[PDB]
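The chain below stands alone and is given in structure tokens; this is the form deposited without this ligand.
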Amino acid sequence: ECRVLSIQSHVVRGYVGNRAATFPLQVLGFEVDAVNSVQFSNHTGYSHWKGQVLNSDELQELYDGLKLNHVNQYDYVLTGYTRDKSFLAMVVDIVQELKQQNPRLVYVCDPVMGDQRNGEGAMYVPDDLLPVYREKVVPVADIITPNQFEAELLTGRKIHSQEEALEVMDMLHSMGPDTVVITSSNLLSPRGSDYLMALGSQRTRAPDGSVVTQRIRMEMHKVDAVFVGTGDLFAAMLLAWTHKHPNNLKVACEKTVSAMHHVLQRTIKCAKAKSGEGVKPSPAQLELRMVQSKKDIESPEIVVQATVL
């Protein structure tokens, strides 16, 4: 389709934020407009890093710039990782106005707060953004893609099983999103810890008989290491697919997830090819071979399966 306004980080080297969401959304042909929330030499997982960040007024400035020219009409809107309470507030205001300009304006929001290894408490962002995502952000998004950990901070409920997972999504939907996709979880699955499971559900409509929800469950094949930027590349590719497949939360994750295995085992492939068998690949070597996946980002050779409910 077309016009995406993506507000995310930018790194000179590597793939994270806009660097991870642009090329994709581009070769799949979207007119991606990018607002760089920060500009760092590289992501903060490298030993060193240097750069500047955009404050709230600077973001404001760029947005004014677009109003004045009346070119501020967008179809879908994308956002991810932020550290600033205020930058996230502003971002909310901006997404509001853009929905009047275009009624079918879907705000796709990956609520990046932190991570899980196995049941817990603190995350990656200060704890003071938690409220903003819950009270202000999530009520306006139309597609969110949280961790199991994050889905729990949002709903404030701990996920212990599968159907406890499904009822944390429902408290999600009701929050606003006619789509929720738990990109990853601690939940063992019908296939072994070798794998990794994610969850998906989409609250739809038909006049009365006013209720439809759809659920599924992909299990893609875990990979031995620490990548950074995977969730940006995920949410980016979701949008694409969930673009073509408006009532098919099923059909979507399916191609997205599929593309994800290629990109990573090519990354992992080259990744080790730079220590072969012998030592751990450095942050540098793990960076996504997004370019080389020129060909797969493109054509998901559908390698995964999923069960409705």
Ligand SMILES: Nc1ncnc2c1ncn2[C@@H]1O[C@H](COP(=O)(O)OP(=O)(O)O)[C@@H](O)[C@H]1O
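C-alpha atoms forming the largest set that superposes within 1.5 Å between two forms make up the rigid core. Residue indices: 1-based, along the sequence shown.
Not pictured, yet referred to below: the form solved in complex with this ligand.
If the cut-off is 4.5 angstroms on heavy atoms, which of these, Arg157, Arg205, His160, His221, is the one near this ligand in the deposited bound form? It is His221 that has a heavy atom within 4.5 Å of the partner.
Heavy atom within 4.5 Å of this ligand in the deposited bound form - the one residue of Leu130, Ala225, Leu166, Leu98 that qualifies: Answer to the contact question: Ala225.
Residues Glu1, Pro24 and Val106 all lining this ligand in the deposited bound form, heavy atom within 4.5 Å: Heavy-atom distance to this ligand in the deposited bound form: none of the three under 4.5 Å.
Counting any heavy atom within 4.5 Å as contact, can you tell me which stretch out of 209-217, 132-140, 90-98, 227-235 lines this ligand in the deposited bound form? One stretch meets the cut-off, namely 227-235.
So, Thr179 and this ligand: in the deposited bound form, are they within 4.5 Å at any heavy atom pair? Looking in the deposited bound form, residue contacts with this ligand do not include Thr179, since no heavy atom lies within 4.5 Å.
Spell out, yes or no, whether the shortest heavy atom distance between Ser184 and this ligand in the deposited bound form is within 4.5 Å. Residue-level check for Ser184: yes, a contact with this ligand.
4.5 angstroms heavy atom contact with this ligand in the deposited bound form for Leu264: Yes, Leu264 is a contact residue.
In the deposited bound form, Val35 touching this ligand (heavy atom, 4.5 Å): Judged by the heavy-atom cut-off of 4.5 Å, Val35 is well away from this ligand in the deposited bound form.
Comparing between this form and the one not shown on the rigid core: C-alpha of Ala122 shifted by 2 Å or more? Comparing forms between this form and the one not shown, the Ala122 CA shifts at least 2 Å.
What direction does the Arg117-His10 Cα distance move in the deposited bound form compared with the shown chain, closer or farther, given a change of 3 Å or more? Closer together, which means the C-alphas of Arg117 and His10 are at least 3 Å nearer in the deposited bound form.
Closer or farther: C-alpha pair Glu120/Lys222 in the deposited bound form, relative to this form, given a change of 3 Å or more: Closer together, which means the C-alphas of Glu120 and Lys222 are at least 3 Å nearer in the deposited bound form.
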